[PDB]
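Student: quick one, fold the following:
(chains A and B, ligands or ions: 2)
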Amino acid sequence: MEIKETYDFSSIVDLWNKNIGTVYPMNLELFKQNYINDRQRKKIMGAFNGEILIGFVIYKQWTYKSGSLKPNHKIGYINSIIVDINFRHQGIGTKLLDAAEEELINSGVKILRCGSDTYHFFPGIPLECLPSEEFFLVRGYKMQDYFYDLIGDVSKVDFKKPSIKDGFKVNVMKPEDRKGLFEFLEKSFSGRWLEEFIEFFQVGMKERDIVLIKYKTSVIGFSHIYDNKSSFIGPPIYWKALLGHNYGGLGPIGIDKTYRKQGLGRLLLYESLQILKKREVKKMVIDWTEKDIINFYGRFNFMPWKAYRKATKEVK
Amino acid sequence: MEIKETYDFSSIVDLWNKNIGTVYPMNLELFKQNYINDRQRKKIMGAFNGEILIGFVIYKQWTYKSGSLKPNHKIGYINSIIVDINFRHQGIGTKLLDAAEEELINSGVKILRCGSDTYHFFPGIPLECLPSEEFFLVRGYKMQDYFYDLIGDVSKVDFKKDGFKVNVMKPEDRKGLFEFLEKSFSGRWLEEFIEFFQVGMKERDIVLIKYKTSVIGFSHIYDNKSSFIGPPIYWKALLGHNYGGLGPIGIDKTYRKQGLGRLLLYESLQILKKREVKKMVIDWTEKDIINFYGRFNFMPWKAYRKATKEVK
Ligand SMILES: CC(=O)SCCNC(=O)CCNC(=O)[C@H](O)C(C)(C)COP(=O)(O)OP(=O)(O)OC[C@H]1O[C@@H](n2cnc3c(N)ncnc32)[C@H](O)[C@@H]1OP(=O)(O)O
Ligand SMILES: CC(=O)SCCNC(=O)CCNC(=O)[C@H](O)C(C)(C)COP(=O)(O)OP(=O)(O)OC[C@H]1O[C@@H](n2cnc3c(N)ncnc32)[C@H](O)[C@@H]1OP(=O)(O)O
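Tutor: Numbers count the residues shown, from 1 in each chain, chains lettered A, B, ... in the order given. Ligands and ions are numbered 1, 2, ... in the order given. Find the structure here:
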């Protein structure tokens, strides 16, 4: 058996699906979008029996800026790791993770995160991969808090518009809203969400996938929405193969800090779902939420669908 | 808003599906099967706006024997409780649960369980219902351990002893199965075999492992021809075509930790595989046992939290 770098995205896709595809159905198109466009120092290490891939690990170090923010080189990520079901418990996963970890630590990494990377597949250890928690524990990852993807069927329920302060309006993005948007982001959301706007518009995001809330002239919030027309596949629709015909999703969503806790997110959410409903969306996902914000979406009949556990290893 | 007893199953099922059908798709056949066949003292209390059902609770007291076990009347169950999404946070859940708990307690119940009943829909509070834990916590329920339904696709992967034989049950096995059950699994699983056979379970849904001519273990398996709809295939609308399941599975205590469970499992999966099963579920497992199924590529799919209230 041999460990060496690999770029055979196809064979990686097949191994993924063969082992976990029932709950995380991967496609080559999503896989390549996310691996290829990621801008961090990244690598895929493969484990091989002769010519045959029997395992892999995808790992990154934070080396590229996040909006106005510089990279913190102390952070590394395990994007994913999977050993083939017929080759488990032979030391292969350990070998593969030792190699990834060794390389990251030599490049200055002190904190290793399970998922949560840019172009992540997972916000943390999926609950479907709960048995791997013990594997990560042995290696010195600490199991921390949970995150949830939520699911709902926006076709099935009708809601009363929450009552609305005057001056505010909410509309899908027009191309001339764009300078307005980036100013607002530079001001209120200048790390990861600013960066994602930047990169995502370069690889097929359209204004129609964006909803904006205004106080008179001014942009004070956004949501990113998804349907079967979106060409950029974002987290909410990663697992669209499970979601049926007329799938959708929503996230992120953000209101300028000075405008929060006055019902405006509720209004943005309502209208963002209204748009999706009018587009005939049925089942849709809201990705990567915290336990404390679930009921904000629950008011609209969303429920937790997947769970992920944050996990972090501190290098000695 | 009126609280009173209902048996309008169709209304209940519709409300069910409107609120949680995305993750727990209910059909009227399953609903009726489980409600009508349960032998406990049971009731459904509905919440109504005029003639319109806007919430319900189903609840049960353990009043009927479980195999060799006598009923313990101290145990009650909240089978399910749902208030419609447009009527939440007005006290309806509270009134329904209060009515259920008041009746159970007046009948001698001292311990209230969320799910875990005979003909349960849930082994405990689903993770999809995680926001309800607050509602129950405030009302005195303690949140305990998790259990999991596992999922796997037997169509996707291939895998690889003296006097041990595994085969689909034959009708002549009836007696041996019963004797075995009475010896090794003489509570709830014994009760299930008795009751399931009287309501449509066939010999083809049972796999037996024998040492010589002695039954020493069994599994119950499910496909799209089973007429008994048991927990592994409750949520078959989510599993695609050629769905199946497995559970329970058991080996005589005497014979465990020697690979015989593994073999019974292997052969049971083989049989399902040969029946053209794809996506299938293993219901209600403990964390400590997930890896036993995991060797065959099964993964946690749904989680449920055990929750218990002690009446004070
Ligand atoms: C950020 C994320 O990617 S989260 C997703 C994590 N991935 C998954 O859940 C995918 C499905 N699971 C898997 O692919 C695998 O089980 C993995 C990747 C988690 C583990 O890979 P494996 O190759 O089985 O791991 P490995 O064999 O190194 O170690 C596992 C165990 O096997 C045994 N083992 C280790 N080395 C050997 C050896 N040389 N000989 C025999 N047994 C061994 C040990 O008991 C070890 O115990 P541990 O759990 O305490 O470490
Ligand atoms: C075993 C099982 O069934 S597990 C599955 C449980 N079911 C579900 O998860 C389905 C989805 N959820 C639901 O159906 C509901 O949310 C339930 C059944 C959990 C609760 O139903 P509700 O009718 O919202 O409950 P109710 O309104 O009585 O109480 C909710 C809160 O609103 C409060 N409330 C009561 N009246 C009012 C009012 N007029 N205005 C605002 N709040 C109110 C209650 O005090 C309560 O707060 P508390 O928990 O801090 O005491």
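Student: CA-only coordinates of stretch A:53-73 in CSV, if you can.
Tutor: Provided in CSV are the C-alpha atoms of stretch A:53-73 (Å, rounded to 0.1, in the frame of the first residue of the first chain):
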residue,chain,number,x,y,z
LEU,A,53,-7.4,4.4,-4.7
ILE,A,54,-8.6,2.9,-1.4
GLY,A,55,-8.7,6.2,0.6
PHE,A,56,-8.1,10.0,0.6
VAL,A,57,-7.8,13.2,2.6
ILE,A,58,-8.4,16.7,1.5
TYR,A,59,-6.7,19.4,3.6
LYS,A,60,-6.0,23.1,3.5
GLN,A,61,-4.2,25.8,5.4
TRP,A,62,-5.6,29.3,5.6
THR,A,63,-3.3,31.3,3.3
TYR,A,64,-5.6,33.4,1.2
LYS,A,65,-7.2,36.7,2.5
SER,A,66,-10.8,36.7,3.7
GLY,A,67,-12.2,40.0,2.5
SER,A,68,-10.5,42.8,4.4
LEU,A,69,-8.9,40.1,6.6
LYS,A,70,-5.5,38.6,6.3
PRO,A,71,-5.2,34.8,6.5
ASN,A,72,-4.4,33.3,9.8
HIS,A,73,-1.7,30.7,8.9
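Student: check which residues of that stretch are buried.
Tutor: A:53-62, A:64, A:66-67 (16 or more other C-beta atoms under 10 Å in any protein chain shown). The way it works is simple: take the backbone N, C-alpha and C, and place the C-beta from them, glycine included.
Student: out of those, which sit inside helices?
Tutor: Taking DSSP state H, every one of the buried residues of stretch A:53-73 sits outside helices.
Student: could you identify the most distant pair in those residues?
Tutor: The most widely separated members of the buried residues of stretch A:53-73, counting by C-beta to C-beta, are A:54 and A:67 (39.1 Å).
Student: what separates the most centrally placed residue in chain A from residue B:49, distance-wise?
Tutor: Centroid-nearest residue in chain A: residue A:235, 4.2 Å away (criterion: C-alpha atoms, centre = their mean). Using C-beta to C-beta, to the nearest Å, we find residue A:235 at a distance of 39 Å from residue B:49.
Student: helices along chain A, start to end?
Tutor: A:9-20, A:28-37, A:92-106, A:132-138, A:178-188, A:192-201, A:264-278, A:294-298.
Student: CA atoms only for the fourth one, dumped as CSV, please.
Tutor: To tie it back to what came earlier, the one meant is helix A:132-138. What follows is helix A:132-138, C-alpha atoms only, in CSV (Å, rounded to 0.1, in the frame of the first residue of the first chain):
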residue,chain,number,x,y,z
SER,A,132,-15.4,8.9,13.3
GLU,A,133,-15.6,11.2,16.3
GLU,A,134,-13.7,8.5,18.3
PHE,A,135,-11.0,8.3,15.6
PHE,A,136,-10.6,12.1,15.8
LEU,A,137,-10.7,12.0,19.7
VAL,A,138,-7.8,9.5,19.8
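Student: if we can go back for a sec, nearest to ligand 2, of the buried residues of stretch A:53-73?
Tutor: residue A:58 (36.3 Å; C-beta to the nearest ligand atom).
Student: surely the closest one touches residue A:44?
Tutor: Yes - counting by C-beta atoms under 8 Å, residue A:58 does reach residue A:44; the two are 5.1 Å apart.
Student: between these two, what contacts are shared?
Tutor: Common contacts of residue A:58 and residue A:44 (C-beta atoms under 8 Å, 6 or more residues apart in numbering or on different chains): residue A:35.
Student: count the neighbours of residue A:203 for me.
Tutor: For residue A:203, the neighbour count with other C-beta atoms under 10 Å in any protein chain shown is 11.
Student: quick one: residues contacting it.
Tutor: Contacts for residue A:203 (C-beta under 8 Å, 6+ apart) come out as A:33, A:37, A:232.
Student: near ligand 1, which of those show up?
Tutor: Counting by C-beta under 6 Å from any ligand atom, nothing from the contacts of residue A:203 sits close to ligand 1.
Student: now render those as TSV, adding neighbour count.
Tutor: As requested, the contacts of residue A:203 are exported to TSV (neighbours: other C-beta atoms under 10 Å in any protein chain shown):
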residue	neighbour count
A:33	19
A:37	15
A:232	18
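Student: in the stretch 151-300 of chain A, what residue comes closest to chain B?
Tutor: At 5.1 Å from chain B, residue A:153 is the closest residue in the stretch 151-300 of chain A, using C-beta to the nearest C-beta.
Student: which residues touch whichever residue of the stretch 1-150 of chain A sits closest to ligand 1?
Tutor: Proximity of the stretch 1-150 of chain A to ligand 1 (C-beta to the nearest ligand atom) peaks at residue A:93, 2.5 Å away. With contact taken as C-beta under 8 Å, 6+ apart, residue A:93 is in contact with A:55, A:81, A:83, A:135.
Student: again with residue A:301
Tutor: By C-beta under 8 Å, 6+ apart, the neighbours of residue A:301 are A:152-153, A:156-157, B:19, B:85.
Student: how many other residues sit next to the residue lying closest to residue A:208 once chain neighbours are set aside?
Tutor: What sits nearest to residue A:208 in space, not counting adjacent residues and going by C-beta to C-beta, 6 or more residues apart in numbering or on different chains, is residue A:172, at 6.1 Å. Other residues lying near residue A:172 total 16 when counted by other C-beta under 10 Å.
Student: ok, residue A:157 next?
Tutor: When neighbours are counted by other C-beta under 10 Å, residue A:157 comes out with 16.
Student: spatially nearest residue to it (excluding sequence neighbours)?
Tutor: Distances taken as C-beta to C-beta, 6+ apart place residue A:301 nearest to residue A:157, at 5.0 Å, with adjacent residues excluded.
Student: quick check on that neighbour: phi, psi?
Tutor: Residue A:301 has phi and psi values of phi 80, psi 20 when expressed as degrees, to the nearest 10.
Student: so what sits opposite the closest residue to residue A:117 other than its chain neighbours in the bridge?
Tutor: Distances taken as C-beta to C-beta, 6+ apart place residue A:77 nearest to residue A:117, at 3.9 Å, with adjacent residues excluded. On the basis of DSSP bridges, residue A:77 is bridged to residue A:60, residue A:113.
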